[PDB]
Amino acid sequence: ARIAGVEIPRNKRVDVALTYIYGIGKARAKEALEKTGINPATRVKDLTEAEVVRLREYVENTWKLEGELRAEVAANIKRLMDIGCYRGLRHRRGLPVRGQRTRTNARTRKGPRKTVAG
Amino acid sequence: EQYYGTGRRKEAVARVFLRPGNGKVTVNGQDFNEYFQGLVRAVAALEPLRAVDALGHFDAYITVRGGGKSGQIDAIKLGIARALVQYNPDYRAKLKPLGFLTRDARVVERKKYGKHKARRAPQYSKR
Amino acid sequence: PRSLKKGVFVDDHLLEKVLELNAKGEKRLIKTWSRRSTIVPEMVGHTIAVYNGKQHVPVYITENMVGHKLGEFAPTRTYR
Amino acid sequence: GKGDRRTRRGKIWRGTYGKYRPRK
Amino acid sequence: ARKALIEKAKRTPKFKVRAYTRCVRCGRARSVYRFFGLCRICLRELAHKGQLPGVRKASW
Amino acid sequence: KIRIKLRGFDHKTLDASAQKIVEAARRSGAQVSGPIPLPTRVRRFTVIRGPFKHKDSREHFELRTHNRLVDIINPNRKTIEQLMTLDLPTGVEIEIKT
Amino acid sequence: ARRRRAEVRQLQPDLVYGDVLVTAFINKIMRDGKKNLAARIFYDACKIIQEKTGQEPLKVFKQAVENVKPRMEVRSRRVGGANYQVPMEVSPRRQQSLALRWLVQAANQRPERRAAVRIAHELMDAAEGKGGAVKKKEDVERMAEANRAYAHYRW
Amino acid sequence: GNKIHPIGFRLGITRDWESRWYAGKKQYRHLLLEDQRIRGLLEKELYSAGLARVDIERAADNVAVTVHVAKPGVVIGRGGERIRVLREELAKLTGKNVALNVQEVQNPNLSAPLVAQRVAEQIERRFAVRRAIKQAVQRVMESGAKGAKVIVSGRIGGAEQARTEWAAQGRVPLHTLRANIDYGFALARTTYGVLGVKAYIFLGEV
RNA sequence: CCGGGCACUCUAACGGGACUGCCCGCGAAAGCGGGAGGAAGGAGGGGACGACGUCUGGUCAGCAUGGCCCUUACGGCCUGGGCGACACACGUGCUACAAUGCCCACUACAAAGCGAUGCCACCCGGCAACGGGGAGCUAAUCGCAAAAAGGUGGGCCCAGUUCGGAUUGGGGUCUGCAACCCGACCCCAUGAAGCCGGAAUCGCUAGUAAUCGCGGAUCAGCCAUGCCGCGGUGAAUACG
Ligand SMILES: [K+]
Ligand SMILES: [K+]
Ligand SMILES: [K+]
Ligand SMILES: [K+]
Ligand SMILES: [K+]
Ligand SMILES: [Mg+2]
Ligand SMILES: [Mg+2]
Ligand SMILES: [Mg+2]
Ligand SMILES: [Mg+2]
Ligand SMILES: [Mg+2]
Ligand SMILES: [Mg+2]
Ligand SMILES: [Mg+2]
Ligand SMILES: [Mg+2]
Ligand SMILES: [Mg+2]
Ligand SMILES: [Mg+2]
Ligand SMILES: [Mg+2]
Ligand SMILES: [Mg+2]
Ligand SMILES: [Mg+2]
Ligand SMILES: [Mg+2]
Ligand SMILES: [Mg+2]
Ligand SMILES: [Mg+2]
Ligand SMILES: [Mg+2]
Ligand SMILES: [Mg+2]
Ligand SMILES: [Mg+2]
Ligand SMILES: [Mg+2]
Ligand SMILES: [Mg+2]
Ligand SMILES: [Mg+2]
Ligand SMILES: [Mg+2]
Ligand SMILES: [Mg+2]
Ligand SMILES: [Mg+2]
Ligand SMILES: [Mg+2]
Ligand SMILES: [Mg+2]
Ligand SMILES: [Mg+2]
Ligand SMILES: [Mg+2]
Ligand SMILES: [Mg+2]
Ligand SMILES: [Mg+2]
Ligand SMILES: [Mg+2]
Ligand SMILES: [Zn+2]
Numbered sequence: 002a003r004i005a006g007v008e009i010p011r012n013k014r015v016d017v018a019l020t021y022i023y024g025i026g027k028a029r030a031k032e033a034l035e036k037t038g039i040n041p042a043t044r045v046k047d048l049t050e051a052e053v054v055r056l057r058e059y060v061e062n063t064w065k066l067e068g069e070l071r072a073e074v075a076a077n078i079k080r081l082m083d084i085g086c087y088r089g090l091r092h093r094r095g096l097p098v099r100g101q102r103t104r105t106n107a108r109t110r111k112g113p114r115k116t117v118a119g
Numbered sequence: 002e003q004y005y006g007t008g009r010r011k012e013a014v015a016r017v018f019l020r021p022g023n024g025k026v027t028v029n030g031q032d033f034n035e036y037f038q039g040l041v042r043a044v045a046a047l048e049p050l051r052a053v054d055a056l057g058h059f060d061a062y063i064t065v066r067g068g069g070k071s072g073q074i075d076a077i078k079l080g081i082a083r084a085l086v087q088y089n090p091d092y093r094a095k096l097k098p099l100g101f102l103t104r105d106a107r108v109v110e111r112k113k114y115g116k117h118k119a120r121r122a123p124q125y126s127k128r
Numbered sequence: 002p003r004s005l006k007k008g009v010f011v012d013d014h015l016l017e018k019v020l021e022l023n024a025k026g027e028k029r030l031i032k033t034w035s036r037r038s039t040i041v042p043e044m045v046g047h048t049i050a051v052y053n054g055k056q057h058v059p060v061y062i063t064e065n066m067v068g069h070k071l072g073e074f075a076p077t078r079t080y081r
Numbered sequence: 002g003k004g005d006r007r008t009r010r011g012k013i014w015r016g017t018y019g020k021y022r023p024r025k
Numbered sequence: 002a003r004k005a006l007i008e009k010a011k012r013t014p015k016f017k018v019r020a021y022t023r024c025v026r027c028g029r030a031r032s033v034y035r036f037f038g039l040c041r042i043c044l045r046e047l048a049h050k051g052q053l054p055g056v057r058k059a060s061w
Numbered sequence: 003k004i005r006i007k008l009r010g011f012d013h014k015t016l017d018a019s020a021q022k023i024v025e026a027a028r029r030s031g032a033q034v035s036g037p038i039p040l041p042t043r044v045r046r047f048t049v050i051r052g053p054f055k056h057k058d059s060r061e062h063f064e065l066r067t068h069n070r071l072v073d074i075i076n077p078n079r080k081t082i083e084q085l086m087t088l089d090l091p092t093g094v095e096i097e098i099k100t
Numbered sequence: 002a003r004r005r006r007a008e009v010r011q012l013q014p015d016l017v018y019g020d021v022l023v024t025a026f027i028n029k030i031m032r033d034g035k036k037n038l039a040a041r042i043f044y045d046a047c048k049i050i051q052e053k054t055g056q057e058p059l060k061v062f063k064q065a066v067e068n069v070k071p072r073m074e075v076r077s078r079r080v081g082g083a084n085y086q087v088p089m090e091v092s093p094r095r096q097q098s099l100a101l102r103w104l105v106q107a108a109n110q111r112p113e114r115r116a117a118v119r120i121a122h123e124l125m126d127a128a129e130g131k132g133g134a135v136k137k138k139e140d141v142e143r144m145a146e147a148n149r150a151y152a153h154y155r156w
Numbered sequence: 002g003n004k005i006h007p008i009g010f011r012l013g014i015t016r017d018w019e020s021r022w023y024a025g026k027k028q029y030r031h032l033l034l035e036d037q038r039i040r041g042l043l044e045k046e047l048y049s050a051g052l053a054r055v056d057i058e059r060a061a062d063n064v065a066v067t068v069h070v071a072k073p074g075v076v077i078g079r080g081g082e083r084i085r086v087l088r089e090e091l092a093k094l095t096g097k098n099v100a101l102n103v104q105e106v107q108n109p110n111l112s113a114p115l116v117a118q119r120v121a122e123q124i125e126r127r128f129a130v131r132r133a134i135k136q137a138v139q140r141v142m143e144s145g146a147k148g149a150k151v152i153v154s155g156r157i158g159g160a161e162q163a164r165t166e167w168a169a170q171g172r173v174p175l176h177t178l179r180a181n182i183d184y185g186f187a188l189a190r191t192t193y194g195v196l197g198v199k200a201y202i203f204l205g206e207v
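Residue numbers (full-length UniProt numbering), protein chains in the order written: chain A, 2 to 119; chain B, 2 to 128; chain C, 2 to 81; chain D, 2 to 25; chain E, 2 to 61; chain F, 3 to 100; chain G, 2 to 156; chain H, 2 to 207.
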């Protein structure tokens, strides 16, 4: 059902379902299903109400998820820029922060390609 | 009592020992179909026997090393034919038109400098 | 996702300089050619000139700047 | 695919070991 | 191969990693084979001269 | 029970010296099990032909180390007579253990 | 082939039906040099041809191939400052090649989820005279003879 | 830009290494450097004697150094003191304390390095290059030598434009593996620049 | 694995073998078509090998070298930065866009190579990178080591997803005096474009193409998806 915030996964394996949770990838879902003692293979519609309550219990507060996660990331970047770090400048200009070549590629960061005269 | 042949394909060798019997085949201590089977070409290894209508006459003890399992299949195919020839030399007359006793000289072509693999040339633009 | 190791690296050129200032006071600035050195708490409140390869830039340092190298605050390249 | 660090084939292609490609 | 850079040979590089290899013959920096201590050019030259024992042209 | 390993860049000198050692140890000693070939150790060097660019030229070289075995049974003291030092070959290197 | 006549490749017989045509189809099915998977696909398909059609899959297959074979086809030619589509006959080898290739293509154009099913269904359809392969054959035989006027460019 | 080195081409058959010894991977480069320093010091000394080749062999901490020279009377010296001085400089270079041999070269005109050296000398003395080449080939051919070739490089006659002067005769079958051709190379340092000199001598076949 | 033995496999030196030699047909001959025997025929397959010369082709920055020029600097030492800049354009490649597929588990066959301030079996800690301990190996005898595609079983069910892993946040490991500019690797979270590509254009004729892994040189480490090699599986088509 409704787990860790406003998102409800449905009608497919519970692990893969938990993937639809923001702060939760494959590994964290595997772990959660393990410590919650739930068979992963069961469809979400087949989840016992009890199992759902237990899953919620674990997942909601162990790791920081969803909104608080996004706010944490945003605050991290904000901190990076405020102090006037190089990383912060790269975030500012919207260029690769991880030290990759910008002469070519780096399109993912720079988005669409804006062409001028030669 | 026992009839031997070797045979070779594509960097693979197989000892073939023909010992008259029920017709069951041993490969490296495993059953013939436990090594193969999941390999469709497998039965081709036994083609020489079926050609002379031998089959359930001889059993066979085989030892294969080198290559992948297909080349092994072919090396077995030769070895059985050779052992079969050592048994009855007249069998050659039957076995030759099919060419089972022909060794397949095809091998991996050595990679060459300037190319990618041995043939394949790096592509170009010119514009 | 950065890393160094245990036994964090700080160049001992200014490592002694900063605490030598701290002993008798604040005083004024510093000039450092070592940008590879990590920022440690004892430097908070000081001002360090970092060589970007051309000139020395007057970096003021606060509590939230700790753990970064000096050179992160001294950009080498000039662009647009 | 081979570009996924978190897959068996990814580790193989990258030639490394780890959680997703054990040393047995 | 500038003559001052053949200060390459140093008992005191001041750091192990600062120590780099050169060609013992022509003084080349890049493409220097560890086994011969030579560079690739000098290697092919001396090879063709027959002054490298056991070294033969390869084909297969 | 005397370990011998002959190594050289020339197989002619190796073979000749090995069979020489064998004939030396045959008269003074046991049947001399004789040289076992052992695999070659082949080291290749690929190098561009020209001094500048032209990446597609190459012409690599190889340097091959041939090996030999010996290992005479019945280590007679009479054997080390014709053995010890009598040899022609230069670029042949000898290894000896017990 | 500028110099020689480029002799035809003799393919090994089928491991099951002993038919070289089967083998040819197996090869056209094959992808990235995986023969095993292709044999899997085709034989599974033959297993699908029964309990659908009570007949032997070999017959169905051969007749499908027979129905996909084009009699005529069109080919371009440069004549006096233009480019014409010229109708003309198809050599038996090319008939076979085109028939098989078309069979496989059409099969992989199909909605069916897994391979053997697609091949079995395309084969059956083609056998009874419908499906993408037959559509191709009809399209080509239509293209030629639509161009009848140019048949004097034969060569 | 073609034609690989004939010596280097034939090194396996009908040609042999000048340095013949075995060494490991941790040994080789050092002994090689040493050999190179030996050849180096010997070429800068014995030139006047016309050394056509220097062979170097090793066993254990000992080195052959067989020097092939046109005029051994030069390398020996008066009473043989020169060879003593040379073994001395050799011992000061490498501490291996090794020996030295002198092999007289019969018919200096049949060993290509000596031929090239003579042609080069002539060019440095401002001889006539075309005639020098034709003459050299003549001297090589007139004694044995089933074939011969000499080649001089650019700036012939001090010309502003580089040229190539060819002049060969007999048979020089470079592509034949069994050939046994001697090859040699000399420079010419002139006021106007450098001249390359190549010498091929084809003697016998199988 | 022990005894035991060189028959086989292999290893590496030498040698045999194939020459249109034999048969039919055509031909003046050379030779061509076919057939036999043969492991192989008509150059059996692949390398090395590249004529007289052409491009005033490339390289004085690998080396050599005539001339010209600088010789408190056009030499030399060091710290730092730059060669990694990014509105953009091209070349070469990598990974893909999925079901002839992806994931997990168990399981099977290779060649060529490297290894002592090295490879690192095996034991412990750690999810892992890795750390601690430590056997063997001067290496056909120990190690790198797992080959992968493959097979068996199971999951996914056509969705931008259990496709695809860019980008980014965080926590680490190792090399190295030192990873900010600017390393690689591990783990968690993030999960982009991309649904087979316009005009145009490239390679390849058989163990080839395609596809799958493996090694090595350079190297402390590594931006290697590059290069040079190795083997596994194994096509289509050539009228002309
Ligand atoms: K984008
Ligand atoms: K793929
Ligand atoms: K040949
Ligand atoms: K020129
Ligand atoms: K495509
Ligand atoms: Mg998620
Ligand atoms: Mg950059
Ligand atoms: Mg391959
Ligand atoms: Mg640490
Ligand atoms: Mg994925
Ligand atoms: Mg210089
Ligand atoms: Mg270095
Ligand atoms: Mg270097
Ligand atoms: Mg070439
Ligand atoms: Mg013709
Ligand atoms: Mg179609
Ligand atoms: Mg002149
Ligand atoms: Mg030739
Ligand atoms: Mg020019
Ligand atoms: Mg230029
Ligand atoms: Mg660059
Ligand atoms: Mg710009
Ligand atoms: Mg602007
Ligand atoms: Mg092991
Ligand atoms: Mg453990
Ligand atoms: Mg053993
Ligand atoms: Mg399966
Ligand atoms: Mg399955
Ligand atoms: Mg996804
Ligand atoms: Mg999209
Ligand atoms: Mg889709
Ligand atoms: Mg477009
Ligand atoms: Mg097109
Ligand atoms: Mg071709
Ligand atoms: Mg490396
Ligand atoms: Mg990078
Ligand atoms: Mg690699
Ligand atoms: Zn050099």
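In this text, a Cβ means the ideal position worked out from N, Cα and C, and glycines have one as well.
Under the Cβ criterion of 8 Å, F:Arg-46 is counted among the residues facing chain E. Ligand 12 has no heavy atom closer than 7 Å to the beta-carbon of H:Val-68. Taking 7 Å as the cut-off between beta carbons, the residues of the stretch 51 to 70 of chain F near chain B are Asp-58 and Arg-60, in sequence order. The beta carbon of G:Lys-53 is closer than 8 Å to those of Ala-121 and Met-125 in its chain, skipping five residues each way along the sequence.
Secondary structure at B:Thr-27: strand, using DSSP grouped into helix, strand and coil.
A Cβ-Cβ distance of about 5 Å is found for the pair H:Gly-51 and H:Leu-115, placing them in contact under the 8 Å criterion. At least one CB atom of chain A sits nearer than 8 Å to the CB of C:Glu-73. For H:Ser-49, the three-state secondary structure derived from DSSP is helix. Taking a cut-off of 8 Å on C-beta distances, the stretch 21 to 33 of chain B does not touch the stretch 75 to 92 of chain A, as fewer than three cross pairs fall below it. For G:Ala-39, same chain residues with a beta-carbon under 6 Å away, outside a window of 5 residues either side, are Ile-27, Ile-30 and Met-31 in chain order.
By the CB criterion at 8 Å, G:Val-9 and G:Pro-71 fall outside the cutoff. Taking 8 Å as the upper bound for CB-CB distance, H:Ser-49 and E:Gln-52 are not in contact here, some 22 Å apart. For ligand 10, no non-hydrogen atom lies closer than 7 Å to the CB of A:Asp-16. Here the residues close to ligand 12, judged by CB distance below 7 Å to any of its heavy atoms, are E:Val-18 and E:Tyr-21 in chain order. Of the residues H:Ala-169, H:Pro-109 and H:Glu-44, the one whose Cα lies closest to the Cα of H:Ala-149 is H:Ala-169.
Pairing H:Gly-2 with F:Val-24, the inter-Cα distance amounts to about 50 Å. For B:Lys-112, the Cβ stays outside the 7 Å cut-off from all heavy atoms of ligand 9. For H:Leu-111, the CB stays at least 7 Å from every heavy atom of ligand 38.
In this chain, F:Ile-74 is not harboured by any beta strand (DSSP E), its DSSP state being neither H nor E. One Cα belongs to A:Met-82, the other to A:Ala-118, and the distance between them is close to 33 Å.
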